[PDB]
>>> print(open('data-v9.cif').read())   # mmCIF, N, CA and C atoms
data_work
loop_
_atom_site.label_atom_id
_atom_site.label_comp_id
_atom_site.auth_asym_id
_atom_site.auth_seq_id
_atom_site.Cartn_x
_atom_site.Cartn_y
_atom_site.Cartn_z
N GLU A 2 8.68 10.70 58.36
CA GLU A 2 9.15 9.83 57.23
C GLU A 2 10.56 9.29 57.47
N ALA A 3 11.44 10.14 57.99
CA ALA A 3 12.69 9.66 58.56
C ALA A 3 12.33 8.84 59.79
N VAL A 4 11.28 9.29 60.49
CA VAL A 4 10.80 8.66 61.72
C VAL A 4 10.04 7.38 61.40
N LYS A 5 9.22 7.43 60.35
CA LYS A 5 8.52 6.25 59.86
C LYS A 5 9.52 5.15 59.55
N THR A 6 10.59 5.48 58.83
CA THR A 6 11.61 4.50 58.48
C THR A 6 12.24 3.90 59.74
N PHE A 7 12.67 4.76 60.67
CA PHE A 7 13.24 4.28 61.91
C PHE A 7 12.28 3.37 62.65
N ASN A 8 11.04 3.82 62.80
CA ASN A 8 9.98 3.02 63.40
C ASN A 8 9.85 1.67 62.75
N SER A 9 9.93 1.63 61.42
CA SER A 9 9.86 0.38 60.66
C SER A 9 11.06 -0.55 60.92
N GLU A 10 12.27 0.01 61.00
CA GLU A 10 13.45 -0.80 61.33
C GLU A 10 13.37 -1.31 62.76
N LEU A 11 12.97 -0.42 63.68
CA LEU A 11 12.92 -0.78 65.08
C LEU A 11 11.94 -1.92 65.31
N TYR A 12 10.71 -1.77 64.82
CA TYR A 12 9.67 -2.74 65.09
C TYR A 12 9.81 -4.04 64.30
N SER A 13 10.64 -4.05 63.25
CA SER A 13 10.94 -5.29 62.54
C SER A 13 11.79 -6.24 63.40
N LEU A 14 12.29 -5.78 64.55
CA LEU A 14 12.91 -6.71 65.51
C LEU A 14 12.01 -7.90 65.83
N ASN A 15 10.70 -7.66 65.84
CA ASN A 15 9.71 -8.69 66.10
C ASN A 15 9.72 -9.82 65.07
N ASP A 16 10.46 -9.64 63.97
CA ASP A 16 10.61 -10.71 62.96
C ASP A 16 11.72 -11.70 63.32
N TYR A 17 12.54 -11.36 64.32
CA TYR A 17 13.79 -12.08 64.56
C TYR A 17 13.88 -12.69 65.95
N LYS A 18 14.43 -13.90 66.04
CA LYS A 18 14.77 -14.48 67.34
C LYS A 18 16.11 -13.89 67.79
N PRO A 19 16.14 -13.21 68.96
CA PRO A 19 17.44 -12.80 69.49
C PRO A 19 18.35 -14.00 69.78
N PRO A 20 19.68 -13.82 69.67
CA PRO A 20 20.40 -12.55 69.44
C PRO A 20 20.14 -11.93 68.06
N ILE A 21 20.05 -10.61 68.05
CA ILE A 21 19.89 -9.82 66.84
C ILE A 21 21.25 -9.58 66.19
N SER A 22 21.29 -9.66 64.86
CA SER A 22 22.52 -9.49 64.08
C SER A 22 23.07 -8.08 64.20
N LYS A 23 24.39 -7.96 64.04
CA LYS A 23 25.08 -6.68 63.99
C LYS A 23 24.49 -5.82 62.87
N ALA A 24 24.25 -6.42 61.71
CA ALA A 24 23.67 -5.75 60.56
C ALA A 24 22.34 -5.07 60.86
N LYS A 25 21.42 -5.79 61.50
CA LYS A 25 20.12 -5.23 61.85
C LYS A 25 20.24 -4.06 62.82
N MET A 26 21.07 -4.21 63.85
CA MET A 26 21.32 -3.11 64.79
C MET A 26 21.93 -1.88 64.11
N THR A 27 22.87 -2.11 63.21
CA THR A 27 23.48 -1.05 62.39
C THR A 27 22.44 -0.35 61.52
N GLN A 28 21.51 -1.12 60.94
CA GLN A 28 20.40 -0.56 60.14
C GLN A 28 19.49 0.35 60.96
N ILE A 29 19.10 -0.13 62.14
CA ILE A 29 18.31 0.65 63.09
C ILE A 29 19.02 1.94 63.51
N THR A 30 20.32 1.84 63.77
CA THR A 30 21.19 2.93 64.20
C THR A 30 21.32 4.00 63.12
N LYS A 31 21.63 3.56 61.89
CA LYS A 31 21.70 4.44 60.73
C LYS A 31 20.37 5.15 60.50
N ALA A 32 19.25 4.44 60.64
CA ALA A 32 17.96 5.11 60.56
C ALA A 32 17.77 6.15 61.68
N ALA A 33 18.28 5.88 62.87
CA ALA A 33 18.19 6.85 63.95
C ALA A 33 19.10 8.05 63.68
N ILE A 34 20.35 7.77 63.30
CA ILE A 34 21.40 8.79 63.13
C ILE A 34 21.10 9.66 61.94
N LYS A 35 20.40 9.09 60.96
CA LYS A 35 19.95 9.82 59.80
C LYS A 35 18.68 10.62 60.13
N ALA A 36 17.94 10.16 61.14
CA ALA A 36 16.78 10.89 61.68
C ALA A 36 17.15 11.82 62.86
N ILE A 37 18.40 12.29 62.91
CA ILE A 37 18.91 13.04 64.07
C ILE A 37 18.20 14.38 64.32
N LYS A 38 17.63 14.93 63.26
CA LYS A 38 16.81 16.13 63.33
C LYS A 38 15.59 15.88 64.23
N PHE A 39 15.09 14.65 64.22
CA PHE A 39 13.90 14.27 64.97
C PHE A 39 14.26 13.33 66.13
N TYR A 40 15.42 13.58 66.74
CA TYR A 40 15.96 12.74 67.81
C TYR A 40 15.00 12.49 68.98
N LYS A 41 14.12 13.45 69.25
CA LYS A 41 13.15 13.34 70.34
C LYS A 41 12.11 12.27 70.05
N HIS A 42 11.72 12.16 68.78
CA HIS A 42 10.80 11.11 68.33
C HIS A 42 11.47 9.76 68.30
N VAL A 43 12.73 9.73 67.87
CA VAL A 43 13.54 8.49 67.92
C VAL A 43 13.63 7.94 69.34
N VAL A 44 13.99 8.79 70.30
CA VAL A 44 14.07 8.37 71.70
C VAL A 44 12.68 7.89 72.14
N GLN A 45 11.65 8.65 71.82
CA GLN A 45 10.29 8.29 72.19
C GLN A 45 9.88 6.90 71.67
N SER A 46 10.17 6.63 70.40
CA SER A 46 9.90 5.34 69.77
C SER A 46 10.66 4.18 70.40
N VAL A 47 11.94 4.38 70.68
CA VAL A 47 12.73 3.38 71.39
C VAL A 47 12.16 3.07 72.79
N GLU A 48 11.82 4.11 73.55
CA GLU A 48 11.20 3.95 74.88
C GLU A 48 9.82 3.27 74.82
N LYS A 49 9.01 3.65 73.82
CA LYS A 49 7.73 3.00 73.60
C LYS A 49 7.91 1.51 73.32
N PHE A 50 8.81 1.17 72.39
CA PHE A 50 9.16 -0.21 72.08
C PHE A 50 9.56 -1.00 73.33
N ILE A 51 10.46 -0.43 74.12
CA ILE A 51 10.89 -1.03 75.38
C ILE A 51 9.75 -1.22 76.38
N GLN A 52 8.79 -0.29 76.39
CA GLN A 52 7.63 -0.41 77.24
C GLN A 52 6.72 -1.58 76.82
N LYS A 53 6.53 -1.75 75.51
CA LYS A 53 5.52 -2.67 75.01
C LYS A 53 6.03 -4.05 74.63
N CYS A 54 7.30 -4.15 74.24
CA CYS A 54 7.78 -5.40 73.67
C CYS A 54 7.68 -6.60 74.63
N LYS A 55 7.68 -7.79 74.05
CA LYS A 55 7.80 -9.06 74.78
C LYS A 55 9.13 -9.11 75.53
N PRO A 56 9.19 -9.86 76.65
CA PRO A 56 10.40 -9.97 77.47
C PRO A 56 11.70 -10.27 76.69
N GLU A 57 11.64 -11.11 75.66
CA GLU A 57 12.84 -11.47 74.88
C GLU A 57 13.47 -10.31 74.11
N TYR A 58 12.72 -9.22 73.91
CA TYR A 58 13.22 -8.06 73.15
C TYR A 58 13.72 -6.92 74.01
N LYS A 59 13.69 -7.08 75.33
CA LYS A 59 14.15 -6.04 76.26
C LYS A 59 15.64 -5.78 76.05
N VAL A 60 16.44 -6.84 76.03
CA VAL A 60 17.88 -6.69 75.78
C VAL A 60 18.16 -6.12 74.37
N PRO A 61 17.57 -6.70 73.30
CA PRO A 61 17.60 -6.01 72.00
C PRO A 61 17.27 -4.52 72.04
N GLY A 62 16.21 -4.14 72.76
CA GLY A 62 15.83 -2.73 72.88
C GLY A 62 16.89 -1.89 73.59
N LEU A 63 17.46 -2.43 74.67
CA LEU A 63 18.64 -1.81 75.31
C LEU A 63 19.85 -1.68 74.36
N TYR A 64 20.11 -2.71 73.56
CA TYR A 64 21.20 -2.65 72.57
C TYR A 64 20.95 -1.58 71.50
N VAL A 65 19.68 -1.30 71.21
CA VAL A 65 19.32 -0.20 70.32
C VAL A 65 19.77 1.08 70.98
N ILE A 66 19.44 1.28 72.26
CA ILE A 66 19.88 2.49 72.96
C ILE A 66 21.41 2.57 72.94
N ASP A 67 22.07 1.49 73.35
CA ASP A 67 23.55 1.43 73.33
C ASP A 67 24.14 1.79 71.97
N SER A 68 23.64 1.13 70.94
CA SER A 68 24.18 1.30 69.59
C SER A 68 24.04 2.73 69.09
N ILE A 69 22.86 3.31 69.30
CA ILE A 69 22.57 4.67 68.86
C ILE A 69 23.46 5.63 69.61
N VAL A 70 23.49 5.54 70.95
CA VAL A 70 24.24 6.53 71.74
C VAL A 70 25.75 6.42 71.50
N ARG A 71 26.29 5.20 71.43
CA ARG A 71 27.72 5.05 71.16
C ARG A 71 28.11 5.48 69.73
N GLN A 72 27.26 5.19 68.75
CA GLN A 72 27.55 5.60 67.37
C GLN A 72 27.56 7.12 67.29
N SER A 73 26.52 7.72 67.86
CA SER A 73 26.33 9.16 67.88
C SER A 73 27.47 9.91 68.55
N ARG A 74 27.90 9.40 69.71
CA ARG A 74 29.05 9.94 70.44
C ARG A 74 30.33 9.87 69.61
N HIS A 75 30.51 8.77 68.89
CA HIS A 75 31.67 8.59 68.04
C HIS A 75 31.55 9.46 66.79
N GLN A 76 30.35 9.52 66.20
CA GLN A 76 30.16 10.22 64.92
C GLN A 76 30.17 11.76 65.09
N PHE A 77 29.54 12.22 66.16
CA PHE A 77 29.31 13.64 66.40
C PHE A 77 30.13 14.19 67.54
N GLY A 78 30.73 13.32 68.35
CA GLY A 78 31.49 13.76 69.52
C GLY A 78 30.70 13.61 70.81
N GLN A 79 31.39 13.22 71.89
CA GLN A 79 30.74 13.04 73.19
C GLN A 79 30.05 14.33 73.63
N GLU A 80 30.75 15.45 73.46
CA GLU A 80 30.25 16.79 73.78
C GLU A 80 28.93 17.08 73.06
N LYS A 81 28.81 16.59 71.84
CA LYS A 81 27.77 17.06 70.93
C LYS A 81 26.59 16.13 70.73
N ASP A 82 26.76 14.87 71.15
CA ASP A 82 25.72 13.86 71.08
C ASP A 82 24.42 14.29 71.77
N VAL A 83 23.32 14.29 71.03
CA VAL A 83 21.99 14.60 71.56
C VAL A 83 21.25 13.36 72.08
N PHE A 84 21.74 12.17 71.74
CA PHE A 84 21.01 10.95 72.09
C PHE A 84 21.08 10.55 73.58
N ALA A 85 22.28 10.44 74.14
CA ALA A 85 22.42 10.07 75.55
C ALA A 85 21.73 11.06 76.51
N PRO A 86 21.95 12.39 76.35
CA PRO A 86 21.18 13.34 77.18
C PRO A 86 19.64 13.21 77.09
N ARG A 87 19.11 13.02 75.89
CA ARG A 87 17.66 12.84 75.73
C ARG A 87 17.15 11.49 76.32
N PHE A 88 17.89 10.41 76.08
CA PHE A 88 17.61 9.11 76.72
C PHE A 88 17.68 9.21 78.26
N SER A 89 18.45 10.16 78.78
CA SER A 89 18.63 10.29 80.23
C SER A 89 17.38 10.74 80.98
N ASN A 90 16.55 11.56 80.33
CA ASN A 90 15.30 12.03 80.91
C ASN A 90 14.42 10.94 81.54
N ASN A 91 14.17 9.87 80.79
CA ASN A 91 13.23 8.83 81.21
C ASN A 91 13.94 7.52 81.56
N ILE A 92 15.27 7.57 81.63
CA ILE A 92 16.07 6.33 81.66
C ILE A 92 15.75 5.40 82.84
N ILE A 93 15.38 5.96 83.98
CA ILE A 93 15.01 5.14 85.13
C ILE A 93 13.78 4.30 84.81
N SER A 94 12.75 4.94 84.28
CA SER A 94 11.54 4.25 83.84
C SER A 94 11.86 3.23 82.74
N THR A 95 12.75 3.59 81.83
CA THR A 95 13.16 2.70 80.74
C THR A 95 13.76 1.40 81.28
N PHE A 96 14.59 1.51 82.31
CA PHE A 96 15.17 0.34 82.93
C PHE A 96 14.18 -0.46 83.75
N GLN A 97 13.17 0.20 84.32
CA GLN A 97 12.11 -0.53 85.00
C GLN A 97 11.46 -1.52 84.02
N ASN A 98 11.30 -1.07 82.78
CA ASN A 98 10.72 -1.89 81.71
C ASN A 98 11.70 -2.95 81.22
N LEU A 99 12.97 -2.57 81.06
CA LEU A 99 14.01 -3.50 80.62
C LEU A 99 14.12 -4.72 81.52
N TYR A 100 13.94 -4.51 82.83
CA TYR A 100 14.09 -5.56 83.82
C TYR A 100 12.88 -6.51 83.93
N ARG A 101 11.84 -6.27 83.13
CA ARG A 101 10.79 -7.28 82.90
C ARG A 101 11.26 -8.23 81.80
N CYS A 102 12.46 -8.78 81.97
CA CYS A 102 13.08 -9.65 80.98
C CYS A 102 13.32 -11.00 81.64
N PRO A 103 13.65 -12.03 80.84
CA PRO A 103 14.06 -13.32 81.42
C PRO A 103 15.24 -13.13 82.38
N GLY A 104 15.23 -13.83 83.51
CA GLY A 104 16.32 -13.76 84.48
C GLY A 104 17.71 -13.98 83.89
N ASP A 105 17.80 -14.90 82.93
CA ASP A 105 19.04 -15.15 82.18
C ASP A 105 19.58 -13.91 81.44
N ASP A 106 18.75 -12.89 81.30
CA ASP A 106 19.07 -11.69 80.50
C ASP A 106 19.46 -10.46 81.32
N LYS A 107 19.30 -10.54 82.64
CA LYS A 107 19.68 -9.45 83.55
C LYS A 107 21.19 -9.20 83.57
N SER A 108 21.98 -10.26 83.45
CA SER A 108 23.42 -10.11 83.43
C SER A 108 23.86 -9.26 82.22
N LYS A 109 23.08 -9.31 81.15
CA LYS A 109 23.38 -8.56 79.93
C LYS A 109 23.12 -7.06 80.10
N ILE A 110 22.02 -6.74 80.76
CA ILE A 110 21.68 -5.38 81.14
C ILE A 110 22.78 -4.75 82.03
N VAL A 111 23.17 -5.46 83.08
CA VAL A 111 24.21 -4.99 84.01
C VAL A 111 25.55 -4.81 83.30
N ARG A 112 25.84 -5.71 82.36
CA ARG A 112 27.06 -5.60 81.59
C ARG A 112 27.12 -4.30 80.78
N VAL A 113 26.01 -3.93 80.12
CA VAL A 113 25.91 -2.67 79.37
C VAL A 113 26.06 -1.45 80.34
N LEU A 114 25.37 -1.49 81.48
CA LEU A 114 25.52 -0.43 82.48
C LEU A 114 26.96 -0.24 82.90
N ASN A 115 27.64 -1.34 83.20
CA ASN A 115 29.08 -1.36 83.51
C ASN A 115 29.95 -0.73 82.42
N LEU A 116 29.66 -1.07 81.17
CA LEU A 116 30.39 -0.53 80.01
C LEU A 116 30.14 0.97 79.83
N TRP A 117 28.88 1.36 79.98
CA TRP A 117 28.46 2.76 79.98
C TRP A 117 29.19 3.60 81.03
N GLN A 118 29.33 3.07 82.24
CA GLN A 118 30.10 3.74 83.29
C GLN A 118 31.59 3.84 82.93
N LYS A 119 32.17 2.74 82.48
CA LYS A 119 33.60 2.72 82.15
C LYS A 119 33.90 3.72 81.04
N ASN A 120 33.02 3.77 80.04
CA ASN A 120 33.18 4.64 78.89
C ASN A 120 32.59 6.03 79.05
N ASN A 121 32.07 6.31 80.25
CA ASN A 121 31.47 7.60 80.58
C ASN A 121 30.39 8.01 79.57
N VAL A 122 29.65 7.01 79.10
CA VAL A 122 28.51 7.22 78.21
C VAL A 122 27.44 8.10 78.86
N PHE A 123 27.20 7.89 80.15
CA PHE A 123 26.25 8.70 80.90
C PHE A 123 27.01 9.16 82.12
N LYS A 124 26.70 10.35 82.64
CA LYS A 124 27.38 10.81 83.84
C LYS A 124 26.94 9.96 85.03
N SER A 125 27.77 9.89 86.08
CA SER A 125 27.60 8.91 87.16
C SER A 125 26.32 9.10 87.98
N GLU A 126 25.74 10.30 87.90
CA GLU A 126 24.47 10.59 88.57
C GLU A 126 23.31 9.84 87.90
N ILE A 127 23.53 9.42 86.66
CA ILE A 127 22.60 8.57 85.90
C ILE A 127 22.93 7.09 86.14
N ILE A 128 24.17 6.72 85.83
CA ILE A 128 24.58 5.33 85.83
C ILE A 128 24.44 4.65 87.19
N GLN A 129 24.87 5.32 88.26
CA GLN A 129 24.88 4.68 89.56
C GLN A 129 23.49 4.24 90.05
N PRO A 130 22.46 5.12 89.95
CA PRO A 130 21.08 4.68 90.26
C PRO A 130 20.65 3.46 89.45
N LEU A 131 21.00 3.44 88.17
CA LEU A 131 20.68 2.30 87.34
C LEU A 131 21.39 1.06 87.84
N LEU A 132 22.66 1.21 88.24
CA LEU A 132 23.45 0.11 88.81
C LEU A 132 22.85 -0.32 90.15
N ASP A 133 22.52 0.66 91.00
CA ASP A 133 21.78 0.39 92.24
C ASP A 133 20.51 -0.42 91.99
N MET A 134 19.81 -0.11 90.90
CA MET A 134 18.55 -0.78 90.58
C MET A 134 18.72 -2.27 90.28
N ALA A 135 19.77 -2.60 89.53
CA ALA A 135 20.13 -4.00 89.25
C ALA A 135 20.48 -4.78 90.51
N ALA A 136 21.36 -4.21 91.34
CA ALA A 136 21.71 -4.80 92.64
C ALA A 136 20.46 -5.13 93.47
N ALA A 137 19.50 -4.20 93.49
CA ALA A 137 18.32 -4.36 94.35
C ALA A 137 17.39 -5.49 93.91
N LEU A 138 17.46 -5.89 92.65
CA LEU A 138 16.57 -6.92 92.10
C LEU A 138 16.85 -8.36 92.52
N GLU A 139 18.13 -8.75 92.54
CA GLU A 139 18.53 -10.10 92.94
C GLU A 139 18.23 -10.35 94.41
N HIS A 140 18.25 -9.28 95.20
CA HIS A 140 17.90 -9.31 96.62
C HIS A 140 16.44 -9.70 96.86
N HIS A 141 15.54 -9.19 96.02
CA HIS A 141 14.11 -9.40 96.22
C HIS A 141 13.65 -10.76 95.68
N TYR B 1 24.81 -8.68 67.96
CA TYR B 1 25.29 -7.39 68.53
C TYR B 1 26.03 -7.60 69.84
N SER B 2 27.11 -6.85 69.98
CA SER B 2 27.89 -6.79 71.18
C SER B 2 28.05 -5.33 71.55
N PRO B 3 27.86 -5.01 72.85
CA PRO B 3 28.01 -3.64 73.35
C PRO B 3 29.46 -3.12 73.37
N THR B 4 30.41 -3.95 72.94
CA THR B 4 31.79 -3.51 72.77
C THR B 4 32.19 -3.39 71.30
N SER B 5 31.26 -3.67 70.38
CA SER B 5 31.59 -3.68 68.96
C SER B 5 31.98 -2.28 68.50
N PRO B 6 32.98 -2.19 67.59
CA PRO B 6 33.40 -0.86 67.12
C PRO B 6 32.27 -0.08 66.43
N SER B 7 32.24 1.23 66.66
CA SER B 7 31.31 2.12 65.95
C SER B 7 31.75 2.30 64.49
N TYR B 8 30.80 2.58 63.59
CA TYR B 8 31.16 2.77 62.17
C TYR B 8 31.71 4.17 61.89
N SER B 9 32.66 4.26 60.95
CA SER B 9 33.26 5.54 60.56
C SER B 9 33.79 5.43 59.14
N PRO B 10 34.16 6.57 58.51
CA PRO B 10 34.69 6.56 57.15
C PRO B 10 36.11 6.02 57.10
#
>>> encode(input="data-v9.cif", output="structure tokens")
Amino acid sequence: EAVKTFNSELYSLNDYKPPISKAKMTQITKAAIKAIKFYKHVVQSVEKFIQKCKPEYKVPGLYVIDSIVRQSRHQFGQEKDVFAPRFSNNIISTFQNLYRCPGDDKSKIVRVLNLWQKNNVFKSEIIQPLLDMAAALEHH
Amino acid sequence: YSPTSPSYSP
């Protein structure tokens, strides 16, 4: 029911042409952060969305991950945030899906990865492979 | 949304 609400905010992205408003992302985030007891289901729903959504929503879906993890780290502390560690489990697969996006949108993905590294959102054993993955795509 | 936007707090 906390999860139902989050699911409802997340999937209502399909009502909107990106760019998505700050307000909508904040709504999705608050639903996630308020559903923190069920963080595993929240991560699962975000990953499912990223797997299934149309190409135009890949960056929105990544911004959901960004927004949730950065809010959580700020609200609960970097040490204590459950979101980034749980997102880390499947994150390589998650990015494989994110990169089925319009070519014009890859620069946005790399920008978030860069910010994540600078802000130590994920430890470098996570971030660098993801960064490696972006580099490898323009080559092919 | 911007990935540099400030997080919310009291």
>>> interface_residues(input="data-v9.cif", of="chain A", to="chain B", cutoff="6.5 Å", atoms="all atoms listed in the file", output="list in words")
residues 20, 21, 22, 23, 71, 72 and 113 of chain A
>>> residues_around(input="data-v9.cif", residues="residue 89 of chain A", least_positions_apart="5", cutoff="12 Å", atoms="only C-alpha atoms", output="PyMOL selection string")
chain A and resi 41+44-45+48+66+70+83-84+94-96+122-128+130-131
>>> closest_residue(input="data-v9.cif", among="A:73, A:136, A:40, A:111", to="residue 87 of chain A", atoms="all atoms listed in the file")
A:40
>>> select_by_dssp(input="data-v9.cif", residues="chain A", states="alpha helix (DSSP H)", output="PyMOL selection string")
chain A and resi 3-12+23-35+40-53+59-77+84-90+92-99+107-119+125-140
>>> atom_distance(input="data-v9.cif", atom1="atom CA of residue 58 of chain A", atom2="atom CA of residue 133 of chain A")
22.6 Å
>>> atom_distance(input="data-v9.cif", atom1="atom CA of residue 101 of chain A", atom2="atom C of residue 60 of chain A")
11.3 Å
>>> residues_around(input="data-v9.cif", residues="residue 50 of chain A", least_positions_apart="3", cutoff="8 Å", atoms="all atoms listed in the file", output="list in words")
residues 11, 12, 44, 45, 46, 47, 53, 54, 55, 58, 59 and 62 of chain A
>>> closest_residue(input="data-v9.cif", among="A:90, A:121, A:68, A:129", to="residue 31 of chain A", atoms="all atoms listed in the file")
A:68
>>> atom_distance(input="data-v9.cif", atom1="atom N of residue 140 of chain A", atom2="atom CA of residue 114 of chain A")
17.1 Å
>>> decode(input="data-v9.cif", residues="chain B", atoms="N, CA, C and O atoms", output="PDB file, in the first residue's frame")
ATOM      1  N   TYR B   1      13.619  18.152 -13.715  1.00  0.00           N
ATOM      2  CA  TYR B   1      14.599  17.586 -12.756  1.00  0.00           C
ATOM      3  C   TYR B   1      16.024  17.775 -13.237  1.00  0.00           C
ATOM      4  O   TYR B   1      16.327  17.654 -14.435  1.00  0.00           O
ATOM      5  N   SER B   2      16.876  18.109 -12.278  1.00  0.00           N
ATOM      6  CA  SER B   2      18.295  18.223 -12.473  1.00  0.00           C
ATOM      7  C   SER B   2      18.973  17.388 -11.401  1.00  0.00           C
ATOM      8  O   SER B   2      18.586  17.453 -10.225  1.00  0.00           O
ATOM      9  N   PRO B   3      19.989  16.599 -11.803  1.00  0.00           N
ATOM     10  CA  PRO B   3      20.749  15.762 -10.876  1.00  0.00           C
ATOM     11  C   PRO B   3      21.660  16.544  -9.912  1.00  0.00           C
ATOM     12  O   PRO B   3      22.337  15.941  -9.075  1.00  0.00           O
ATOM     13  N   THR B   4      21.664  17.871 -10.020  1.00  0.00           N
ATOM     14  CA  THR B   4      22.362  18.712  -9.049  1.00  0.00           C
ATOM     15  C   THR B   4      21.405  19.471  -8.137  1.00  0.00           C
ATOM     16  O   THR B   4      21.851  20.234  -7.288  1.00  0.00           O
ATOM     17  N   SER B   5      20.099  19.269  -8.304  1.00  0.00           N
ATOM     18  CA  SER B   5      19.118  20.038  -7.540  1.00  0.00           C
ATOM     19  C   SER B   5      19.232  19.714  -6.054  1.00  0.00           C
ATOM     20  O   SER B   5      19.489  18.563  -5.695  1.00  0.00           O
ATOM     21  N   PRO B   6      19.059  20.731  -5.182  1.00  0.00           N
ATOM     22  CA  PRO B   6      19.161  20.466  -3.742  1.00  0.00           C
ATOM     23  C   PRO B   6      18.138  19.439  -3.238  1.00  0.00           C
ATOM     24  O   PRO B   6      16.994  19.396  -3.723  1.00  0.00           O
ATOM     25  N   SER B   7      18.569  18.600  -2.298  1.00  0.00           N
ATOM     26  CA  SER B   7      17.663  17.669  -1.618  1.00  0.00           C
ATOM     27  C   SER B   7      16.747  18.421  -0.639  1.00  0.00           C
ATOM     28  O   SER B   7      17.124  19.499  -0.150  1.00  0.00           O
ATOM     29  N   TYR B   8      15.551  17.885  -0.374  1.00  0.00           N
ATOM     30  CA  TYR B   8      14.626  18.557   0.557  1.00  0.00           C
ATOM     31  C   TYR B   8      14.977  18.283   2.027  1.00  0.00           C
ATOM     32  O   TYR B   8      15.475  17.218   2.363  1.00  0.00           O
ATOM     33  N   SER B   9      14.752  19.275   2.885  1.00  0.00           N
ATOM     34  CA  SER B   9      15.020  19.150   4.325  1.00  0.00           C
ATOM     35  C   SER B   9      14.123  20.123   5.086  1.00  0.00           C
ATOM     36  O   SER B   9      13.498  20.979   4.460  1.00  0.00           O
ATOM     37  N   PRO B  10      14.039  19.986   6.431  1.00  0.00           N
ATOM     38  CA  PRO B  10      13.215  20.881   7.238  1.00  0.00           C
ATOM     39  C   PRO B  10      13.845  22.262   7.376  1.00  0.00           C
ATOM     40  O   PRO B  10      13.345  23.226   6.802  1.00  0.00           O
TER      41      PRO B  10
END
